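Two separate entries follow, structure 1 and structure 2, each one form of the same protein chain as structure tokens.
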Structure 1
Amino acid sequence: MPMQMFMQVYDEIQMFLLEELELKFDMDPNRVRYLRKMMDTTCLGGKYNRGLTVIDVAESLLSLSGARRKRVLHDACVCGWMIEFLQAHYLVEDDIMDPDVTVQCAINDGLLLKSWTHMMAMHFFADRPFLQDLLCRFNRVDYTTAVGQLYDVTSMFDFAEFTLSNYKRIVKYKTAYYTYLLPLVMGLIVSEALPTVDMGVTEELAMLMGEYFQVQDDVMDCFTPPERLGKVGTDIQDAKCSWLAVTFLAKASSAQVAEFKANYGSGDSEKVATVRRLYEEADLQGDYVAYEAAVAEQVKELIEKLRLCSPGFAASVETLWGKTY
């Protein structure tokens, strides 16, 4: 029912956007079908974790606070696709990084996907009292993500910033705010129960869940083989500020740091193996299990503090936490 309703609202959103281009923007059918195929390619196929999180938060707050139910659930699906379209926009920008008309279309796709989040919100929420506050929180989180991207891209340009506090800064602004905090907040807005929650504990939980997700993703990027990871792990070659790098530098000897700095950030298949060997010899996979266990306890305890004043809201946070756990 959740996934089925989510995909049913997707057809409604796509039909409005494409028909609007046909009726108001004077677009020809060849380009309307072109944009339909592009919208399906970039927005459909993932796991829809961000979008479905908005629905799970909304359905809990209406049963644990009747035509208002049907409207809130529909508003959550539109908010769910706002984030999915936003995530589609971010991924398109990633492909541009890694008279050329395909690059021209890629940039155009990114601009269109971002604009579509505004267009679908200005339409389905035209008479909602929260349209202005929803767009401001949405735009501020998008700005936060762009700032987080700047922290990540320049993590090796200005190993000084290879610290655990800067790693959390990258994770907080580039991933945690739009993946964990935003879907939870959007569920509170469509349920109108925004000021009834502790935003401090909620913001704190969103950062810890994103941090837990990123550390696990960093270790899998280095040790999980490509066919089991779904991609080629490239953090070492790209010299990323991963959890493995900042944890190695704190417990390595003065020589192992020199051997790390001489082997990190290279495409040589053996230097990457030299970095993996250094990670192995430091028992980082053992430190990984302990570091994640401590984060998980901070998550388990913070959900209880949020349950005291927002009982039903914490049930969805545990469901969201289970997807990462």
Structure 2
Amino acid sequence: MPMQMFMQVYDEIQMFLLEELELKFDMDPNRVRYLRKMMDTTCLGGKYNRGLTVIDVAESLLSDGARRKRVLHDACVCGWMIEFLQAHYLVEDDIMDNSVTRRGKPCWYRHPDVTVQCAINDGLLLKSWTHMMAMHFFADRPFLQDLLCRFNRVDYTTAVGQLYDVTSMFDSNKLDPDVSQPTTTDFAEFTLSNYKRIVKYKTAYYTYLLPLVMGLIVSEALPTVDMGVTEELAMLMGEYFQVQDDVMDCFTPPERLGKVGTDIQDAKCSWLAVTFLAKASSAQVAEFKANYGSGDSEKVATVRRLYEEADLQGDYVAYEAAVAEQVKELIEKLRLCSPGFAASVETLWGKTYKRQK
């Protein structure tokens, strides 16, 4: 069931936005057709984890089926706010990460009839739509203000996180707009500390905290949960998820994943890189520095091999297990006063722990 009504609302939403364009922005049917394809391609075909989580939270907490309908519909709308938000990021990220492929098909910027400049802007329409749907559907809702603030906070934080990511390979001390600079040769910034920061901000907020929050908001239950504990859950779960993403980038075949990995080529401060650099021999570190941040497939393979040789699958297992127990305890801390919420967090973790995506 969750999915049936979700897609039901996708169509309401989509209809509202396109019709609004035609009626109020003087839009010709070609561009309207174009933007429909852009919407479907950029927003559909994922697993909808963030949007579904919102609904799930709404459901779990509603422990006069008219309220039920209102809460569930709102939850769906928030659900798509996040998915459209996600979509926006992904459109821009792929350009920034110079990716080729996404969800089994070419990156939006790589579609044959999509110029790079139009993709950038298509990415922005996407973000605007999150506001547009919110304003329409929640016009007369006493929570729209708070909703919108929180949502802008997360978005900002995500943007900030992306700065961390996109500059993780330059020596921060030499980071000056006026002066050109090459990629770091010493990698002194590839530390777990910096890794954790990138990920907390680029991924944990919008992927884990935000959907929990929006589910609570549409259900008028925000004050009923330990937020400090809710926030730790999200920070932990989101870090692990990003770490999973980093591993898959490297070691999962693109056909399962939907996308070809660029973290090595782009010289990303991935979990692998940082965990590798902290335990590795000088000899290994040296071979790494010699092969990292390069298009060349042999170099890419070498980096992959160093990772295998340094037994990073060792470290991952241990990290994972360590995440799982902290998560288990915090869920129980939350179950004391918040049982319904706590169950949906458990489901969310269910979808994370050992995901094969």
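Numbers given to residues start at 1 and step along the sequence of structure 1. For clarity, a rigid core is taken as the largest C-alpha set superposing within 1.5 Å between two forms.
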Where among 123, 228, 71, 140 does the Cα move by 2 Å or more between the two structures after the core is superposed? 228
Taking the rigid core as the frame, does residue 219 move its C-alpha by 2 Å or more between the two structures? yes
Using the rigid core as the reference frame, would you say residue 266 shifts its C-alpha by 2 Å or more between the two structures? yes
After superposition on the rigid core, does the Cα atom of residue 252 shift by at least 2 Å between the two structures? yes
Where the rigid core has been superposed, how far does the Cα of residue 45 end up moving between the two structures, given in Å? 0.6
